[PDB]
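With JSON, C-alpha atoms inside, this is query34.json:
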```
[["chain", "number", "residue", "atom", "x", "y", "z"],
["A", 1, "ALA", "CA", 93.40, 78.31, 130.83],
["A", 2, "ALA", "CA", 97.00, 79.12, 129.85],
["A", 3, "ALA", "CA", 97.03, 79.50, 126.05],
["A", 4, "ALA", "CA", 94.06, 81.86, 126.35],
["A", 5, "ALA", "CA", 96.12, 83.97, 128.78],
["A", 6, "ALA", "CA", 99.40, 83.99, 126.83],
["A", 7, "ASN", "CA", 97.59, 85.46, 123.79],
["A", 8, "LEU", "CA", 96.24, 88.39, 125.84],
["A", 9, "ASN", "CA", 99.80, 89.25, 126.92],
["A", 10, "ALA", "CA", 101.05, 88.92, 123.33],
["A", 11, "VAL", "CA", 98.32, 91.33, 122.15],
["A", 12, "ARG", "CA", 98.97, 93.86, 124.94],
["A", 13, "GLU", "CA", 102.68, 93.92, 123.99],
["A", 14, "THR", "CA", 101.94, 94.70, 120.33],
["A", 15, "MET", "CA", 99.33, 97.30, 121.28],
["A", 16, "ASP", "CA", 102.01, 99.05, 123.36],
["A", 17, "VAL", "CA", 104.68, 98.91, 120.62],
["A", 18, "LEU", "CA", 102.26, 100.30, 118.02],
["A", 19, "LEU", "CA", 101.48, 103.16, 120.42],
["A", 20, "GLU", "CA", 105.22, 103.91, 120.64],
["A", 21, "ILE", "CA", 105.45, 103.99, 116.82],
["A", 22, "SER", "CA", 102.36, 106.23, 116.82],
["A", 23, "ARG", "CA", 103.86, 108.71, 119.29],
["A", 24, "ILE", "CA", 107.22, 108.99, 117.51],
["A", 25, "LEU", "CA", 105.38, 109.65, 114.24],
["A", 26, "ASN", "CA", 103.22, 112.23, 116.10],
["A", 27, "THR", "CA", 99.92, 110.77, 114.94],
["A", 28, "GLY", "CA", 96.99, 112.30, 116.81],
["A", 29, "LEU", "CA", 95.62, 108.88, 117.76],
["A", 30, "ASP", "CA", 95.47, 107.58, 121.32],
["A", 31, "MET", "CA", 95.38, 104.07, 122.77],
["A", 32, "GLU", "CA", 91.63, 103.54, 122.26],
["A", 33, "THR", "CA", 91.20, 104.79, 118.66],
["A", 34, "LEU", "CA", 94.29, 102.82, 117.58],
["A", 35, "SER", "CA", 92.64, 99.59, 118.72],
["A", 36, "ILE", "CA", 89.79, 100.36, 116.32],
["A", 37, "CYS", "CA", 92.15, 101.07, 113.40],
["A", 38, "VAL", "CA", 94.28, 97.94, 114.06],
["A", 39, "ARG", "CA", 91.09, 95.83, 114.17],
["A", 40, "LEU", "CA", 89.93, 97.36, 110.87],
["A", 41, "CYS", "CA", 93.24, 96.71, 109.13],
["A", 42, "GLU", "CA", 93.17, 93.07, 110.30],
["A", 43, "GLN", "CA", 90.30, 92.09, 107.97],
["A", 44, "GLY", "CA", 91.83, 93.81, 104.94],
["A", 45, "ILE", "CA", 90.93, 97.42, 104.19],
["A", 46, "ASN", "CA", 92.46, 100.29, 102.16],
["A", 47, "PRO", "CA", 94.72, 102.52, 104.28],
["A", 48, "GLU", "CA", 94.40, 105.15, 101.53],
["A", 49, "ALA", "CA", 90.63, 105.18, 102.16],
["A", 50, "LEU", "CA", 90.57, 104.76, 105.95],
["A", 51, "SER", "CA", 93.22, 107.48, 106.36],
["A", 52, "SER", "CA", 91.10, 109.81, 104.21],
["A", 53, "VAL", "CA", 88.10, 108.99, 106.42],
["A", 54, "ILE", "CA", 90.04, 109.87, 109.59],
["A", 55, "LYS", "CA", 91.53, 112.98, 107.92],
["A", 56, "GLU", "CA", 87.97, 114.14, 107.17],
["A", 57, "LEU", "CA", 86.31, 113.28, 110.50],
["A", 58, "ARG", "CA", 89.07, 115.16, 112.32],
["A", 59, "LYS", "CA", 88.56, 117.96, 109.76],
["A", 60, "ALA", "CA", 84.81, 118.17, 110.43],
["A", 61, "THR", "CA", 85.18, 117.89, 114.22],
["A", 62, "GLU", "CA", 86.49, 121.48, 114.24],
["A", 63, "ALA", "CA", 83.60, 123.13, 112.38],
["A", 64, "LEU", "CA", 81.24, 121.94, 115.14],
["A", 65, "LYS", "CA", 83.33, 123.04, 118.13],
["B", 1, "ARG", "CA", 124.91, 132.57, 85.99],
["B", 2, "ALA", "CA", 123.99, 135.67, 88.01],
["B", 3, "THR", "CA", 126.75, 135.23, 90.60],
["B", 4, "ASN", "CA", 130.47, 134.70, 90.05],
["B", 5, "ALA", "CA", 130.04, 130.92, 90.52],
["B", 6, "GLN", "CA", 129.52, 130.56, 86.75],
["B", 7, "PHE", "CA", 133.16, 131.65, 86.28],
["B", 8, "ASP", "CA", 134.42, 128.17, 87.17],
["B", 9, "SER", "CA", 135.08, 124.80, 85.57],
["B", 10, "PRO", "CA", 131.80, 123.44, 84.12],
["B", 11, "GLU", "CA", 132.40, 120.04, 85.73],
["B", 12, "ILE", "CA", 131.94, 121.07, 89.38],
["B", 13, "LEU", "CA", 129.06, 123.38, 88.44],
["B", 14, "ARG", "CA", 127.21, 120.44, 86.88],
["B", 15, "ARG", "CA", 127.82, 118.06, 89.80],
["B", 16, "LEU", "CA", 125.99, 120.18, 92.37],
["B", 17, "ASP", "CA", 122.27, 119.39, 92.34],
["B", 18, "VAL", "CA", 119.21, 120.26, 94.36],
["B", 19, "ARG", "CA", 118.28, 117.33, 96.57],
["B", 20, "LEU", "CA", 114.69, 116.98, 97.61],
["B", 21, "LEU", "CA", 114.17, 115.44, 101.04],
["B", 22, "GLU", "CA", 111.24, 113.14, 101.65],
["B", 23, "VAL", "CA", 108.05, 115.14, 101.85],
["B", 24, "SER", "CA", 106.87, 116.24, 105.29],
["B", 25, "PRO", "CA", 103.30, 116.83, 106.40],
["B", 26, "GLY", "CA", 102.29, 120.34, 107.17],
["B", 27, "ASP", "CA", 105.47, 122.32, 106.82],
["B", 28, "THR", "CA", 107.37, 124.71, 104.57],
["B", 29, "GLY", "CA", 110.17, 124.16, 102.07],
["B", 30, "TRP", "CA", 112.62, 126.04, 104.30],
["B", 31, "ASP", "CA", 112.71, 123.02, 106.62],
["B", 32, "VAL", "CA", 113.20, 120.57, 103.73],
["B", 33, "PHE", "CA", 115.78, 121.87, 101.22],
["B", 34, "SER", "CA", 119.44, 120.86, 100.95],
["B", 35, "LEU", "CA", 122.25, 120.47, 98.42],
["B", 36, "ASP", "CA", 123.71, 117.02, 97.92],
["B", 37, "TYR", "CA", 126.81, 117.52, 95.92],
["B", 38, "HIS", "CA", 126.87, 114.15, 94.18],
["B", 39, "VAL", "CA", 130.10, 112.33, 93.44],
["B", 40, "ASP", "CA", 130.77, 109.40, 91.09],
["B", 41, "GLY", "CA", 134.15, 107.82, 90.49],
["B", 42, "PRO", "CA", 137.62, 107.34, 91.98],
["B", 43, "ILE", "CA", 136.83, 110.48, 93.99],
["B", 44, "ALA", "CA", 134.18, 108.46, 95.85],
["B", 45, "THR", "CA", 136.96, 106.53, 97.61],
["B", 46, "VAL", "CA", 137.82, 109.79, 99.39],
["B", 47, "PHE", "CA", 134.27, 111.23, 99.38],
["B", 48, "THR", "CA", 132.44, 108.12, 100.59],
["B", 49, "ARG", "CA", 128.78, 107.81, 101.58],
["B", 50, "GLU", "CA", 129.74, 108.53, 105.20],
["B", 51, "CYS", "CA", 131.20, 111.89, 104.15],
["B", 52, "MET", "CA", 128.17, 113.17, 102.22],
["B", 53, "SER", "CA", 125.74, 112.27, 105.01],
["B", 54, "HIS", "CA", 127.85, 114.27, 107.47],
["B", 55, "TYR", "CA", 128.13, 117.17, 105.01],
["B", 56, "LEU", "CA", 124.33, 117.18, 104.77],
["B", 57, "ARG", "CA", 124.20, 117.40, 108.57],
["B", 58, "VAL", "CA", 126.42, 120.49, 108.32],
["B", 59, "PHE", "CA", 124.19, 122.03, 105.63],
["B", 60, "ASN", "CA", 121.26, 121.21, 107.94],
["B", 61, "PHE", "CA", 122.69, 123.64, 110.50],
["C", 1, "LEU", "CA", 76.87, 129.20, 56.48],
["C", 2, "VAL", "CA", 77.75, 128.71, 60.14],
["C", 3, "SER", "CA", 75.37, 125.81, 60.91],
["C", 4, "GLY", "CA", 77.54, 123.46, 58.87],
["C", 5, "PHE", "CA", 80.87, 125.20, 59.42],
["C", 6, "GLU", "CA", 81.05, 126.53, 63.00],
["C", 7, "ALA", "CA", 79.64, 123.20, 64.21],
["C", 8, "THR", "CA", 82.67, 121.57, 62.57],
["C", 9, "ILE", "CA", 84.90, 124.36, 63.92],
["C", 10, "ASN", "CA", 84.08, 124.02, 67.63],
["C", 11, "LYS", "CA", 84.11, 120.21, 67.66],
["C", 12, "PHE", "CA", 87.52, 120.26, 65.99],
["C", 13, "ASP", "CA", 88.85, 123.05, 68.23],
["C", 14, "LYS", "CA", 87.76, 121.16, 71.34],
["C", 15, "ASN", "CA", 89.23, 117.94, 69.93],
["C", 16, "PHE", "CA", 92.44, 119.76, 69.01],
["C", 17, "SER", "CA", 92.84, 121.33, 72.45],
["C", 18, "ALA", "CA", 92.08, 118.09, 74.32],
["C", 19, "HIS", "CA", 94.69, 116.16, 72.34],
["C", 20, "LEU", "CA", 96.99, 119.15, 72.80],
["C", 21, "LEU", "CA", 96.46, 118.78, 76.56],
["C", 22, "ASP", "CA", 97.14, 115.04, 76.37],
["C", 23, "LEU", "CA", 100.34, 115.59, 74.40],
["C", 24, "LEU", "CA", 101.65, 118.10, 76.95],
["C", 25, "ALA", "CA", 100.53, 116.18, 80.04],
["C", 26, "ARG", "CA", 101.85, 112.80, 78.87],
["C", 27, "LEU", "CA", 105.14, 114.49, 78.01],
["C", 28, "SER", "CA", 105.15, 116.21, 81.41],
["C", 29, "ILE", "CA", 105.39, 112.85, 83.21],
["C", 30, "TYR", "CA", 108.76, 112.57, 81.44],
["C", 31, "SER", "CA", 110.18, 114.34, 84.51],
["C", 32, "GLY", "CA", 116.73, 119.18, 76.91],
["C", 33, "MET", "CA", 113.86, 116.80, 77.59],
["C", 34, "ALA", "CA", 111.03, 118.59, 79.45],
["C", 35, "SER", "CA", 111.70, 121.69, 77.35],
["C", 36, "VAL", "CA", 109.34, 120.56, 74.57],
["C", 37, "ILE", "CA", 106.49, 121.33, 76.97],
["C", 38, "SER", "CA", 107.90, 124.72, 77.99],
["C", 39, "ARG", "CA", 108.64, 125.60, 74.38],
["C", 40, "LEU", "CA", 105.06, 124.73, 73.39],
["C", 41, "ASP", "CA", 103.94, 126.38, 76.63],
["C", 42, "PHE", "CA", 105.84, 129.64, 76.31],
["C", 43, "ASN", "CA", 105.34, 132.84, 78.26],
["C", 44, "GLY", "CA", 102.12, 132.06, 80.14],
["C", 45, "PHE", "CA", 100.23, 130.29, 77.36],
["C", 46, "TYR", "CA", 98.56, 126.96, 78.12],
["C", 47, "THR", "CA", 101.12, 126.10, 80.79],
["C", 48, "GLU", "CA", 98.35, 125.91, 83.40],
["C", 49, "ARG", "CA", 94.99, 124.72, 82.06],
["C", 50, "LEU", "CA", 94.23, 121.49, 83.96],
["C", 51, "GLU", "CA", 96.14, 120.41, 87.06],
["C", 52, "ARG", "CA", 95.27, 116.68, 87.30],
["C", 53, "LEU", "CA", 92.19, 114.44, 87.19],
["C", 54, "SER", "CA", 90.08, 115.46, 90.19],
["C", 55, "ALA", "CA", 89.44, 111.89, 91.38],
["C", 56, "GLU", "CA", 90.34, 109.41, 94.11],
["C", 57, "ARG", "CA", 90.13, 105.64, 94.76],
["D", 1, "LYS", "CA", 82.32, 91.98, 114.52],
["D", 2, "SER", "CA", 81.72, 93.20, 110.96],
["D", 3, "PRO", "CA", 83.34, 96.25, 109.28],
["D", 4, "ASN", "CA", 79.98, 98.06, 109.01],
["D", 5, "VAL", "CA", 79.39, 98.11, 112.77],
["D", 6, "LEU", "CA", 83.12, 98.72, 113.28],
["D", 7, "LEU", "CA", 83.17, 101.96, 111.26],
["D", 8, "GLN", "CA", 80.52, 103.40, 113.59],
["D", 9, "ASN", "CA", 82.78, 102.76, 116.60],
["D", 10, "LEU", "CA", 85.45, 104.84, 114.83],
["D", 11, "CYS", "CA", 82.89, 107.60, 114.22],
["D", 12, "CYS", "CA", 82.18, 107.56, 117.97],
["D", 13, "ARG", "CA", 85.89, 107.50, 118.85],
["D", 14, "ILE", "CA", 86.89, 110.54, 116.79],
["D", 15, "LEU", "CA", 83.66, 112.45, 117.35],
["D", 16, "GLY", "CA", 82.69, 112.15, 120.98],
["D", 17, "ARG", "CA", 79.04, 111.23, 120.55],
["D", 18, "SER", "CA", 76.61, 108.32, 120.58],
["D", 19, "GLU", "CA", 75.48, 106.33, 117.55],
["D", 20, "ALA", "CA", 71.99, 107.88, 117.71],
["D", 21, "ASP", "CA", 73.57, 111.35, 117.58],
["D", 22, "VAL", "CA", 76.18, 111.19, 114.81],
["D", 23, "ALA", "CA", 74.65, 109.74, 111.65],
["D", 24, "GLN", "CA", 75.50, 112.33, 108.97],
["D", 25, "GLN", "CA", 79.24, 111.66, 109.28],
["D", 26, "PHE", "CA", 78.71, 107.88, 109.32],
["D", 27, "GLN", "CA", 76.67, 108.27, 106.11],
["D", 28, "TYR", "CA", 79.74, 109.97, 104.62],
["D", 29, "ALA", "CA", 82.09, 107.27, 105.94],
["D", 30, "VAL", "CA", 80.05, 104.47, 104.35],
["D", 31, "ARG", "CA", 80.24, 106.46, 101.09],
["D", 32, "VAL", "CA", 84.04, 106.69, 101.20],
["D", 33, "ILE", "CA", 84.88, 103.26, 102.67],
["D", 34, "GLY", "CA", 82.29, 101.49, 100.55],
["D", 35, "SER", "CA", 83.15, 101.18, 96.83],
["D", 36, "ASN", "CA", 86.84, 101.59, 97.90],
["D", 37, "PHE", "CA", 87.28, 98.36, 99.85],
["D", 38, "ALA", "CA", 89.63, 96.27, 97.69],
["D", 39, "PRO", "CA", 93.41, 96.93, 97.67],
["D", 40, "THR", "CA", 94.47, 99.09, 94.72],
["D", 41, "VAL", "CA", 98.26, 98.78, 95.01],
["D", 42, "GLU", "CA", 100.42, 95.71, 95.48],
["D", 43, "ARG", "CA", 101.21, 95.00, 99.13],
["D", 44, "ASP", "CA", 104.71, 94.85, 100.54],
["D", 45, "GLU", "CA", 106.00, 96.04, 103.89],
["D", 46, "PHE", "CA", 109.51, 96.67, 102.53],
["D", 47, "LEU", "CA", 108.70, 99.89, 100.62],
["D", 48, "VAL", "CA", 106.57, 101.28, 103.46],
["D", 49, "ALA", "CA", 109.43, 100.48, 105.86],
["D", 50, "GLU", "CA", 111.99, 102.31, 103.73],
["D", 51, "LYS", "CA", 109.60, 105.26, 103.55],
["D", 52, "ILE", "CA", 109.14, 105.45, 107.35],
["D", 53, "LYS", "CA", 112.94, 105.20, 107.79],
["D", 54, "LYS", "CA", 113.22, 108.15, 105.37],
["D", 55, "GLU", "CA", 110.46, 109.92, 107.34],
["D", 56, "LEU", "CA", 112.44, 109.73, 110.53],
["D", 57, "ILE", "CA", 115.91, 110.32, 108.97],
["D", 58, "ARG", "CA", 115.41, 113.83, 107.74],
["D", 59, "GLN", "CA", 113.35, 115.21, 110.64],
["D", 60, "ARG", "CA", 116.90, 115.32, 112.21],
["D", 61, "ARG", "CA", 115.72, 112.29, 114.20],
["D", 62, "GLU", "CA", 118.27, 109.76, 112.96],
["D", 63, "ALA", "CA", 117.95, 107.86, 116.28],
["D", 64, "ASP", "CA", 114.28, 106.90, 115.89],
["D", 65, "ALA", "CA", 114.86, 105.77, 112.29],
["D", 66, "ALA", "CA", 117.04, 102.99, 113.73],
["D", 67, "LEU", "CA", 114.58, 102.29, 116.56],
["D", 68, "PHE", "CA", 111.79, 101.68, 114.03],
["D", 69, "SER", "CA", 114.01, 98.97, 112.51],
["D", 70, "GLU", "CA", 113.95, 97.16, 115.87],
["D", 71, "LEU", "CA", 110.22, 97.74, 116.40],
["D", 72, "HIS", "CA", 109.31, 96.44, 112.92],
["D", 73, "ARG", "CA", 111.10, 93.12, 113.52],
["D", 74, "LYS", "CA", 109.11, 92.41, 116.70],
["D", 75, "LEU", "CA", 105.88, 92.50, 114.67],
["D", 76, "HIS", "CA", 107.27, 89.56, 112.70],
["D", 77, "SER", "CA", 108.63, 87.89, 115.85],
["D", 78, "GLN", "CA", 105.20, 87.61, 117.47],
["D", 79, "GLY", "CA", 103.10, 86.75, 114.42],
["D", 80, "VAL", "CA", 99.55, 87.81, 115.34],
["D", 81, "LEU", "CA", 99.46, 90.34, 112.47],
["D", 82, "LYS", "CA", 98.30, 89.10, 109.06],
["D", 83, "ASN", "CA", 98.38, 92.33, 107.04],
["D", 84, "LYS", "CA", 101.44, 94.22, 108.28],
["D", 85, "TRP", "CA", 101.51, 96.43, 105.17],
["D", 86, "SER", "CA", 98.11, 98.02, 105.84],
["D", 87, "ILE", "CA", 98.70, 99.23, 109.41],
["D", 88, "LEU", "CA", 102.10, 100.69, 108.51],
["D", 89, "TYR", "CA", 100.67, 102.41, 105.41],
["D", 90, "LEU", "CA", 97.98, 103.89, 107.68],
["D", 91, "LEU", "CA", 100.36, 104.97, 110.48],
["D", 92, "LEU", "CA", 102.66, 106.67, 107.95],
["D", 93, "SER", "CA", 99.79, 108.69, 106.46],
["D", 94, "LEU", "CA", 98.51, 110.12, 109.78],
["D", 95, "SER", "CA", 102.05, 111.12, 110.81],
["D", 96, "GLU", "CA", 102.73, 114.76, 111.66],
["D", 97, "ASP", "CA", 106.01, 116.62, 111.91],
["D", 98, "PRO", "CA", 106.48, 118.13, 115.39],
["D", 99, "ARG", "CA", 109.39, 120.16, 113.81],
["D", 100, "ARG", "CA", 110.90, 119.99, 117.30],
["D", 101, "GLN", "CA", 110.26, 118.72, 120.89],
["D", 102, "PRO", "CA", 110.80, 114.94, 120.25],
["D", 103, "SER", "CA", 110.25, 114.47, 124.03],
["D", 104, "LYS", "CA", 111.39, 110.91, 124.29],
["D", 105, "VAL", "CA", 109.28, 108.54, 126.33],
["D", 106, "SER", "CA", 109.99, 104.86, 126.94],
["D", 107, "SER", "CA", 110.38, 102.11, 129.42]]
```
In structure tokens, what does this structure look like?
Amino acid sequence: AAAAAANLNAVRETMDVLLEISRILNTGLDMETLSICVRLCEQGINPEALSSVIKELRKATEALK
Amino acid sequence: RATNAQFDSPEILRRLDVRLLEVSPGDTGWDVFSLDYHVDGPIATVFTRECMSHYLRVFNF
Amino acid sequence: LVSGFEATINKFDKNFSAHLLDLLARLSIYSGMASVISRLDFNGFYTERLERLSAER
Amino acid sequence: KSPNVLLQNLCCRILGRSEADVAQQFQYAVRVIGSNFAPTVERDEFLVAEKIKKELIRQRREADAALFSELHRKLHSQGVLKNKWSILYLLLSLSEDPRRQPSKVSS
């Protein structure tokens, strides 16, 4: 209806502002991977562990290319 | 002690300190290293916080 | 001769050195003051044995 | 969704592959993420905010350190974010210094 459409706008706004914070901090993420990491941090997860996981998967992506 | 800066009053030689910046990801120490000269007293009315931040911008260049 | 003695020597020398590490390392977190480490750890001796606990989590 | 199926989407976002292809890296990611799930430090957004302001102040980018102050308040203005500490702690850790070229987008 209407309240199911206002929430989609309010999520698109935040997912743009977080992308701006991500580009001024020069994180290598893009718009699609950031939506996975924001979803993960919603439920409650260690950023010290998830950041180590990303810092290793991007570290092992290069040995295969 | 190696240069002639040691031939000075021991007050102003003590007040100058190495300031560490906040730590950057992959970089060298030549981009993050600056002196701070720290000031505490009635002299801080002339050398306020606005002065030392602008001095650190000069040391940055 | 050595079965009773050197067995007591190595277990004491390992226990001495470990508590000597823990004295230096727990005094190294204290940033005059930090010089008690660098006096004990003079010119290259035992100033770099273990970096930190190789762990995570 | 669940976090176990959601980690595999991340393994297919970073590595460009399908779930039937990449399974050695996902086995590593379950090893790291599992047994390290619970928060180990106390949560506050205030300390992570004053560390990102520091992060932008001495990259000679004193302008973005005051723009982050206006972007961090909007996250509270909307209110769809429960754990604001975790995402900021994550976005600070993956940050890189460009050293230069802060080619400013917006708008």
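With the cut-off set to 6 Å and all atoms listed in the file counted, chain A residues close to chain D are residues 25, 26, 27, 33, 45, 46 and 47 of chain A.
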How would the residues just picked look written out with C-alpha atoms as a PDB file, in the frame of the given file?
```pdb
ATOM      1  CA  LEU A  25     105.380 109.650 114.240  1.00  0.00           C
ATOM      2  CA  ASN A  26     103.220 112.230 116.100  1.00  0.00           C
ATOM      3  CA  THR A  27      99.920 110.770 114.940  1.00  0.00           C
ATOM      4  CA  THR A  33      91.200 104.790 118.660  1.00  0.00           C
ATOM      5  CA  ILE A  45      90.930  97.420 104.190  1.00  0.00           C
ATOM      6  CA  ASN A  46      92.460 100.290 102.160  1.00  0.00           C
ATOM      7  CA  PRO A  47      94.720 102.520 104.280  1.00  0.00           C
TER       8      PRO A  47
END
```
What's the separation between CA of residue 64 (chain A) and CA of residue 34 (chain A), in Å to one decimal place?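 Atom-to-atom, CA of residue 64 (chain A) to CA of residue 34 (chain A), that is 23.3 Å.
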For residue 99 (chain D), please output as a ChimeraX atom specification all residues within 10 Å (counting only C-alpha atoms; exclusion window: fewer than 5 positions along the same chain). /B:24,26-27,31 /D:59-60
Hey, which of A:23, A:54, A:14, A:48 ends up closest to residue 73 (chain D)? Count all atoms listed in the file.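 Smallest separation from residue 73 (chain D) among the options: A:14.
One finds CA of residue 19 (chain A) at 6.6 Å from CA of residue 31 (chain A).
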Any chance you could work out the axis-aligned box around region 49-55 of chain B, listed atoms only, 5 Å on each side, giving centre and edge lengths in Å to one decimal, as lines of an AutoDock Vina configuration file?
```
center_x = 128.5
center_y = 112.5
center_z = 104.5
size_x = 15.5
size_y = 19.4
size_z = 15.9
```
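Going from CA of residue 43 (chain B) over to CA of residue 8 (chain B), you cover 19.1 Å.
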Select, as a CSV table (one decimal) with C-alpha atoms, in the frame of the given file, those residues of chain B with any atom no more than 12 Å from chain D (distances computed using only C-alpha atoms).
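Heads up, here's the output in part.csv:
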```csv
chain,number,residue,atom,x,y,z
B,20,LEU,CA,114.7,117.0,97.6
B,21,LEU,CA,114.2,115.4,101.0
B,22,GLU,CA,111.2,113.1,101.6
B,23,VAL,CA,108.0,115.1,101.8
B,24,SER,CA,106.9,116.2,105.3
B,25,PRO,CA,103.3,116.8,106.4
B,26,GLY,CA,102.3,120.3,107.2
B,27,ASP,CA,105.5,122.3,106.8
B,28,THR,CA,107.4,124.7,104.6
B,30,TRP,CA,112.6,126.0,104.3
B,31,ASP,CA,112.7,123.0,106.6
B,32,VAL,CA,113.2,120.6,103.7
B,33,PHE,CA,115.8,121.9,101.2
B,34,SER,CA,119.4,120.9,101.0
B,53,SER,CA,125.7,112.3,105.0
B,54,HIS,CA,127.8,114.3,107.5
B,56,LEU,CA,124.3,117.2,104.8
B,57,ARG,CA,124.2,117.4,108.6
B,58,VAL,CA,126.4,120.5,108.3
B,59,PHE,CA,124.2,122.0,105.6
B,60,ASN,CA,121.3,121.2,107.9
B,61,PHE,CA,122.7,123.6,110.5
```
Name the residues in contact with residue 53 (chain C) at a cut-off of 12 Å, using all atoms listed in the file, excluding same-chain residues fewer than 4 positions from it; report them as an MDAnalysis selection string. chainID C and resid 22 25 49 57
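Of the listed residues (A:63, A:15, A:4, A:57), A:15 comes nearest to residue 36 (chain A); the distances count only C-alpha atoms.
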Up to 9 Å from (96.2, 119.3, 81.3) in the file's coordinates: name the residues, counting only C-alpha atoms, as a ChimeraX atom specification. /C:18,20-26,46-53
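Proximity ranking of A:44, A:35, A:12, A:52 relative to chain C places A:52 first, based on all atoms listed in the file.
In terms of minimum interatomic distance to chain D, C:56 ranks closest within C:41, C:6, C:56, C:30, counting only C-alpha atoms.
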